[PDB]
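Note sheet for the following structure.
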Amino acid sequence: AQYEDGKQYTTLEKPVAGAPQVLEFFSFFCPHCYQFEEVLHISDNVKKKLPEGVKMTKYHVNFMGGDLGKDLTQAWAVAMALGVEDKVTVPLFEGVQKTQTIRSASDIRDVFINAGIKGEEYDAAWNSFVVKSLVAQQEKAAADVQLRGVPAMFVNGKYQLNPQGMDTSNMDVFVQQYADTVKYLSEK
């Protein structure tokens, strides 16, 4: 066929019931994730091709960056609860990987403050039980697919995107191919 298991995607021998439709994992420590966010706009280009009624979910993971990596998962939980994913994603990627000014939870907080989230609002979010369970959903979803690498994408808890099997000579082509695959898997 044109789309084949093991080529543009793999299938989970252990499907995950009740999974979000399009589920994406990343880490602010993850160099390809940096590329996926700032250079390729993968998440974006996927959305643009997904049908209507598809909701898109993105989660952060713990297994990179040790203590900071967990802080970041909690921080991303804050961003989700406050709905400010789009104002903190870039300064977080760049603070971790570009400028290396993020070394502690406090520096993570600074990104939020600079992006205009109130201190009061951040610290209450950070410490809230709504963020604790948001943290738990993130960890659970990663756990459910035995996630050992990022970036990672899953469609309907049964398919996992396989970017290795896509041509990378042209960035725009990689992106359209990646996205089209998601759409195919979506309709499967």
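Please note that chains go A, B, ... in the order of the structure tokens, that every chain numbers its residues from 1, and that ligands are numbered from 1 in the order shown.
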### Message
Just list as a PyMOL selection string whatever in stretch 15-170 of chain A DSSP marks as helix (DSSP H, G or I).
### Response
chain A and resi 31-39+42-47+66-82+85-98+105-114+119-127+129-144+163-165
With C-alpha atoms retained, could you export that selection as a PDB file, in the first residue's frame?
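Resulting contents of part10.pdb:
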ATOM      1  CA  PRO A  31      16.048  18.825  20.559  1.00  0.00           C
ATOM      2  CA  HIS A  32      13.741  17.399  17.866  1.00  0.00           C
ATOM      3  CA  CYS A  33      10.795  18.767  19.885  1.00  0.00           C
ATOM      4  CA  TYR A  34      12.403  22.194  19.586  1.00  0.00           C
ATOM      5  CA  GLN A  35      12.589  21.651  15.831  1.00  0.00           C
ATOM      6  CA  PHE A  36       8.946  20.365  15.808  1.00  0.00           C
ATOM      7  CA  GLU A  37       7.733  23.457  17.627  1.00  0.00           C
ATOM      8  CA  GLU A  38       9.805  26.382  16.383  1.00  0.00           C
ATOM      9  CA  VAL A  39      11.002  25.208  12.970  1.00  0.00           C
ATOM     10  CA  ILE A  42       4.150  20.146  13.367  1.00  0.00           C
ATOM     11  CA  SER A  43       1.339  20.451  15.890  1.00  0.00           C
ATOM     12  CA  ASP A  44      -0.041  23.345  13.914  1.00  0.00           C
ATOM     13  CA  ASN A  45       0.098  21.781  10.492  1.00  0.00           C
ATOM     14  CA  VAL A  46      -1.528  18.636  11.804  1.00  0.00           C
ATOM     15  CA  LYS A  47      -4.463  20.634  13.237  1.00  0.00           C
ATOM     16  CA  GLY A  66      15.755  14.977  35.862  1.00  0.00           C
ATOM     17  CA  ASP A  67      14.417  17.327  38.506  1.00  0.00           C
ATOM     18  CA  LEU A  68      13.866  20.190  36.094  1.00  0.00           C
ATOM     19  CA  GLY A  69      12.066  17.825  33.732  1.00  0.00           C
ATOM     20  CA  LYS A  70       9.393  17.173  36.375  1.00  0.00           C
ATOM     21  CA  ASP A  71       9.192  20.849  37.207  1.00  0.00           C
ATOM     22  CA  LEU A  72       8.510  21.408  33.553  1.00  0.00           C
ATOM     23  CA  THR A  73       5.698  18.835  33.517  1.00  0.00           C
ATOM     24  CA  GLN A  74       4.123  20.629  36.455  1.00  0.00           C
ATOM     25  CA  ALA A  75       4.746  23.942  34.644  1.00  0.00           C
ATOM     26  CA  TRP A  76       3.055  22.671  31.519  1.00  0.00           C
ATOM     27  CA  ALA A  77       0.163  21.575  33.726  1.00  0.00           C
ATOM     28  CA  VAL A  78      -0.049  25.226  34.863  1.00  0.00           C
ATOM     29  CA  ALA A  79      -0.004  26.407  31.235  1.00  0.00           C
ATOM     30  CA  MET A  80      -2.830  23.993  30.409  1.00  0.00           C
ATOM     31  CA  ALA A  81      -4.933  24.988  33.404  1.00  0.00           C
ATOM     32  CA  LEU A  82      -4.479  28.681  32.636  1.00  0.00           C
ATOM     33  CA  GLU A  85       0.256  27.216  26.166  1.00  0.00           C
ATOM     34  CA  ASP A  86       0.733  29.617  23.285  1.00  0.00           C
ATOM     35  CA  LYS A  87       2.529  32.268  25.288  1.00  0.00           C
ATOM     36  CA  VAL A  88       4.978  30.113  27.165  1.00  0.00           C
ATOM     37  CA  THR A  89       5.940  27.334  24.776  1.00  0.00           C
ATOM     38  CA  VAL A  90       8.549  29.322  22.827  1.00  0.00           C
ATOM     39  CA  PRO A  91      10.238  31.099  25.783  1.00  0.00           C
ATOM     40  CA  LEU A  92      10.392  27.754  27.532  1.00  0.00           C
ATOM     41  CA  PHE A  93      12.041  25.980  24.590  1.00  0.00           C
ATOM     42  CA  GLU A  94      14.491  28.818  24.147  1.00  0.00           C
ATOM     43  CA  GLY A  95      15.177  29.260  27.867  1.00  0.00           C
ATOM     44  CA  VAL A  96      16.032  25.580  28.192  1.00  0.00           C
ATOM     45  CA  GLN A  97      17.858  24.901  24.903  1.00  0.00           C
ATOM     46  CA  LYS A  98      18.877  28.251  23.400  1.00  0.00           C
ATOM     47  CA  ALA A 105      11.528  26.241  38.932  1.00  0.00           C
ATOM     48  CA  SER A 106      12.012  29.940  39.719  1.00  0.00           C
ATOM     49  CA  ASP A 107      13.390  30.618  36.240  1.00  0.00           C
ATOM     50  CA  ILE A 108      10.452  28.700  34.801  1.00  0.00           C
ATOM     51  CA  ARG A 109       8.153  30.954  36.811  1.00  0.00           C
ATOM     52  CA  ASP A 110       9.945  34.051  35.404  1.00  0.00           C
ATOM     53  CA  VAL A 111       8.965  32.976  31.900  1.00  0.00           C
ATOM     54  CA  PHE A 112       5.347  32.962  32.949  1.00  0.00           C
ATOM     55  CA  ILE A 113       5.639  36.360  34.733  1.00  0.00           C
ATOM     56  CA  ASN A 114       7.325  37.895  31.712  1.00  0.00           C
ATOM     57  CA  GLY A 119       2.612  35.897  40.260  1.00  0.00           C
ATOM     58  CA  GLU A 120      -0.385  35.292  42.515  1.00  0.00           C
ATOM     59  CA  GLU A 121      -2.053  33.471  39.658  1.00  0.00           C
ATOM     60  CA  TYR A 122       0.962  31.354  38.858  1.00  0.00           C
ATOM     61  CA  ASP A 123       1.759  30.280  42.452  1.00  0.00           C
ATOM     62  CA  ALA A 124      -1.884  29.355  43.124  1.00  0.00           C
ATOM     63  CA  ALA A 125      -2.046  27.364  39.905  1.00  0.00           C
ATOM     64  CA  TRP A 126       1.312  25.685  40.608  1.00  0.00           C
ATOM     65  CA  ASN A 127       0.138  24.557  44.029  1.00  0.00           C
ATOM     66  CA  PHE A 129      -4.953  20.094  43.123  1.00  0.00           C
ATOM     67  CA  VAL A 130      -6.284  20.712  39.614  1.00  0.00           C
ATOM     68  CA  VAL A 131      -2.663  20.855  38.450  1.00  0.00           C
ATOM     69  CA  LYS A 132      -1.756  17.748  40.462  1.00  0.00           C
ATOM     70  CA  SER A 133      -4.347  15.738  38.569  1.00  0.00           C
ATOM     71  CA  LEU A 134      -3.296  17.426  35.300  1.00  0.00           C
ATOM     72  CA  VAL A 135       0.212  16.218  36.101  1.00  0.00           C
ATOM     73  CA  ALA A 136      -1.253  12.766  36.695  1.00  0.00           C
ATOM     74  CA  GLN A 137      -3.085  12.646  33.362  1.00  0.00           C
ATOM     75  CA  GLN A 138       0.158  13.541  31.645  1.00  0.00           C
ATOM     76  CA  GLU A 139       2.112  10.847  33.411  1.00  0.00           C
ATOM     77  CA  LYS A 140      -0.671   8.289  32.988  1.00  0.00           C
ATOM     78  CA  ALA A 141      -1.018   8.798  29.261  1.00  0.00           C
ATOM     79  CA  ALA A 142       2.750   8.427  28.796  1.00  0.00           C
ATOM     80  CA  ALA A 143       2.684   5.348  31.022  1.00  0.00           C
ATOM     81  CA  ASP A 144      -0.122   3.760  29.038  1.00  0.00           C
ATOM     82  CA  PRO A 163       8.899  10.040  11.437  1.00  0.00           C
ATOM     83  CA  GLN A 164      12.104   8.048  10.721  1.00  0.00           C
ATOM     84  CA  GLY A 165      10.347   6.590   7.693  1.00  0.00           C
TER      85      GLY A 165
END
Once you count only C-alpha atoms, what closest atom pair and distance in Å to one decimal does each residue of stretch 42-160 of chain A within 7 Å of stretch 2-17 of chain A have, with rows by chain and rising residue number, as CSV?
residue,atom,partner,partner_atom,distance
A:144,CA,A:16,CA,6.7
A:157,CA,A:16,CA,4.7
A:158,CA,A:15,CA,4.8
A:159,CA,A:11,CA,4.8
A:160,CA,A:10,CA,5.3
### Query
Looking at only C-alpha atoms, which of A:172, A:152, A:54, A:65 is the one that sits closest to residue A:103?
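Closest to residue A:103 of all the choices is A:65.
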### Query
Between atom CA of residue A:183 and atom CA of residue A:24, what is the distance, to one decimal in Å?
14.2 Å
### Task
Report as a PyMOL selection string: the residues of chain A with a DSSP assignment of strand (DSSP E), based on the backbone of this structure.
chain A and resi 9-11+22-26+56-60+152-155+159-161
Take the selection from the previous step and output its residues with N, CA and C atoms, as a PDB file, in the first residue's frame.
ATOM      1  N   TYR A   9       4.087   4.590  10.191  1.00  0.00           N
ATOM      2  CA  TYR A   9       3.543   4.398  11.519  1.00  0.00           C
ATOM      3  C   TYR A   9       3.799   2.973  11.996  1.00  0.00           C
ATOM      4  N   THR A  10       3.686   2.778  13.303  1.00  0.00           N
ATOM      5  CA  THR A  10       3.717   1.449  13.892  1.00  0.00           C
ATOM      6  C   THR A  10       2.398   1.260  14.601  1.00  0.00           C
ATOM      7  N   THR A  11       2.047   0.025  14.910  1.00  0.00           N
ATOM      8  CA  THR A  11       0.811  -0.206  15.648  1.00  0.00           C
ATOM      9  C   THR A  11       1.121  -0.736  17.034  1.00  0.00           C
ATOM     10  N   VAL A  22      -5.901  12.605  19.148  1.00  0.00           N
ATOM     11  CA  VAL A  22      -4.544  12.903  18.725  1.00  0.00           C
ATOM     12  C   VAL A  22      -3.754  13.355  19.939  1.00  0.00           C
ATOM     13  N   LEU A  23      -2.816  12.514  20.350  1.00  0.00           N
ATOM     14  CA  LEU A  23      -2.081  12.681  21.585  1.00  0.00           C
ATOM     15  C   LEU A  23      -0.616  12.867  21.295  1.00  0.00           C
ATOM     16  N   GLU A  24      -0.077  14.002  21.705  1.00  0.00           N
ATOM     17  CA  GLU A  24       1.311  14.329  21.410  1.00  0.00           C
ATOM     18  C   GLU A  24       2.211  14.464  22.660  1.00  0.00           C
ATOM     19  N   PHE A  25       3.383  13.837  22.656  1.00  0.00           N
ATOM     20  CA  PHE A  25       4.314  14.021  23.775  1.00  0.00           C
ATOM     21  C   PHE A  25       5.591  14.764  23.427  1.00  0.00           C
ATOM     22  N   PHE A  26       6.030  15.616  24.344  1.00  0.00           N
ATOM     23  CA  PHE A  26       7.275  16.348  24.176  1.00  0.00           C
ATOM     24  C   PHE A  26       7.973  16.641  25.513  1.00  0.00           C
ATOM     25  N   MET A  56      -7.154  17.994  19.941  1.00  0.00           N
ATOM     26  CA  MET A  56      -5.742  17.745  19.893  1.00  0.00           C
ATOM     27  C   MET A  56      -5.171  17.914  21.299  1.00  0.00           C
ATOM     28  N   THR A  57      -4.433  16.919  21.781  1.00  0.00           N
ATOM     29  CA  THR A  57      -3.883  16.992  23.123  1.00  0.00           C
ATOM     30  C   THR A  57      -2.355  16.893  23.110  1.00  0.00           C
ATOM     31  N   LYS A  58      -1.686  17.758  23.869  1.00  0.00           N
ATOM     32  CA  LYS A  58      -0.228  17.697  23.969  1.00  0.00           C
ATOM     33  C   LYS A  58       0.262  17.628  25.410  1.00  0.00           C
ATOM     34  N   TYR A  59       1.079  16.617  25.705  1.00  0.00           N
ATOM     35  CA  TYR A  59       1.609  16.426  27.039  1.00  0.00           C
ATOM     36  C   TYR A  59       3.146  16.468  27.121  1.00  0.00           C
ATOM     37  N   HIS A  60       3.623  16.940  28.267  1.00  0.00           N
ATOM     38  CA  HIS A  60       5.044  17.004  28.612  1.00  0.00           C
ATOM     39  C   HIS A  60       5.462  15.726  29.336  1.00  0.00           C
ATOM     40  N   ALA A 152       6.710  12.290  20.129  1.00  0.00           N
ATOM     41  CA  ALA A 152       5.925  11.102  19.894  1.00  0.00           C
ATOM     42  C   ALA A 152       4.538  11.563  19.631  1.00  0.00           C
ATOM     43  N   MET A 153       3.845  10.877  18.719  1.00  0.00           N
ATOM     44  CA  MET A 153       2.444  11.152  18.450  1.00  0.00           C
ATOM     45  C   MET A 153       1.676   9.832  18.358  1.00  0.00           C
ATOM     46  N   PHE A 154       0.456   9.836  18.877  1.00  0.00           N
ATOM     47  CA  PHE A 154      -0.379   8.631  18.881  1.00  0.00           C
ATOM     48  C   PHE A 154      -1.737   9.034  18.377  1.00  0.00           C
ATOM     49  N   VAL A 155      -2.342   8.193  17.540  1.00  0.00           N
ATOM     50  CA  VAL A 155      -3.698   8.445  17.063  1.00  0.00           C
ATOM     51  C   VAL A 155      -4.659   7.388  17.596  1.00  0.00           C
ATOM     52  N   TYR A 159      -2.271   3.880  17.085  1.00  0.00           N
ATOM     53  CA  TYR A 159      -1.177   4.096  16.149  1.00  0.00           C
ATOM     54  C   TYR A 159      -0.170   5.118  16.629  1.00  0.00           C
ATOM     55  N   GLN A 160       1.098   4.888  16.280  1.00  0.00           N
ATOM     56  CA  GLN A 160       2.200   5.741  16.675  1.00  0.00           C
ATOM     57  C   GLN A 160       2.898   6.153  15.390  1.00  0.00           C
ATOM     58  N   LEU A 161       2.999   7.460  15.187  1.00  0.00           N
ATOM     59  CA  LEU A 161       3.693   8.047  14.040  1.00  0.00           C
ATOM     60  C   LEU A 161       5.146   7.607  14.011  1.00  0.00           C
TER      61      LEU A 161
END
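Atom CA of residue A:49 is found 7.3 Å from atom CA of residue A:180.
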